[PDB]
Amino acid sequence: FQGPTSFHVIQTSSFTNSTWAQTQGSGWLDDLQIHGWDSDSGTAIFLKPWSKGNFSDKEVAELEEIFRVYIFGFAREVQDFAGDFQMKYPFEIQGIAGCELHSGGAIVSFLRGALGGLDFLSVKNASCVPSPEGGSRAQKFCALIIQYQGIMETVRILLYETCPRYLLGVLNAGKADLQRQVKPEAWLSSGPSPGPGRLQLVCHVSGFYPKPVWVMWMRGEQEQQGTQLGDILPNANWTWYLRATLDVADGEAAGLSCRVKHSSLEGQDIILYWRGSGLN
């Protein structure tokens, strides 16, 4: 099956000073957002009609309550401990937790945490593991967190028991959108490059879904190894944009084409041909 294979929740907690912290949160299938967290209400925003997966409204409400209580308590506890942990304001903490479906069917769960944009801790087989970047501070944290009744048990249940069934239910519930096929459009452009009698050719590919795509500059059947891929950039409404560039001598641009292969094309690749002397 195509489309996303993982669910995760993220947290960004921004600590301005000893009395002011604000948290932002959201839920994702790979890079596609499916939940928002509404700080006005302390509840989740369901971005797609199928965002609750196969969960009952009662269980969803229980999870939103767990998250609400966690977000509040976390900010409070970190403010109390900030002195004990030699913490200078302002600082930002990030967290991500979730699970992913692998080939063969295994579902693997993960939890990571960061401080100052660097890894701080992770959860490995139900245990708090300090990251080396977190140094002694992360070691003190791991020893502290496990003292809190229930916390690690709730994390264990959520990561290894709740998340896998949630993931499967939501990948099924959302399949008409998650596994849809949307065809890209493609176009060529050119520009100058630094070298003498050097040109840069650009093959633009936009509006495709799912994310996997193949784009190559070609000469007949020969793939040009010099093809440079840009970063895949998002569009609104769950499609992507990608540029594939080629640097070529002026007199050798004739004969080049761009070939695009995508799951949506039904084996009918897009082929654009570069023509010289300003003939598009």
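Numbering starts at 1 and runs along the sequence shown. C-alpha atoms forming the largest set that superposes within 1.5 Å between two forms make up the rigid core.
Novice: Relative to the presented form, and with the rigid core used for superposition, do the C-alpha atoms of 110-118 or of 186-194 deviate more in 8 other deposited structures of this protein?
Specialist: Higher root mean square deviation of C-alphas in 8 other deposited structures of this protein is shown by 186-194.
Novice: Using RMS Cα distance over all structures and residues, flag whichever of 123-131 and 195-203 lies farther from this form in 8 other deposited structures of this protein after a core fit.
Specialist: Per-stretch check in 8 other deposited structures of this protein: the more divergent one is 195-203.
Novice: Tell me which stretch, 160-168 or 76-84, has the higher mean Cα B-factor listed in the entry.
Specialist: The stretch with the larger average C-alpha B-factor is 76-84.
Novice: According to the deposited model, is the average Cα temperature factor higher in 51-59 or in 26-34?
Specialist: Per the PDB entry, the higher value belongs to 51-59.
Novice: Name the one of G174, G207, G191, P210 with the greatest CA B-factor according to the PDB entry.
Specialist: That would be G191, according to the entry.
Novice: Checking the entry, which one of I107, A186, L111, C142 has the top C-alpha B factor?
Specialist: That would be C142.
Novice: Lowest, middle or highest third: where is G117 by C-alpha B factor in its chain?
Specialist: Middle third - that is where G117 ends up once the chain's C-alpha B-factors are sorted.
Novice: Considering only modelled residues of the same chain, in which third does the CA B-factor of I151 rank: lowest, middle or highest?
Specialist: Top third by C-alpha B-factor.
Novice: With respect to C-alpha B-factor, does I71 fall in the lowest, middle or highest third of the chain as deposited?
Specialist: Its C-alpha B-factor, which the entry lists for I71, ranks in the lowest third among residues of this chain.
Novice: Taking the chain's C-alpha temperature factors as the reference, tell me which third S127 falls into: lowest, middle or highest.
Specialist: Highest third of the chain for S127's C-alpha B-factor.
Novice: Within this chain, which third does the Cα B-factor at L246 fall in: lowest, middle or highest?
Specialist: For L246, the deposited C-alpha B-factor lands in the middle third.
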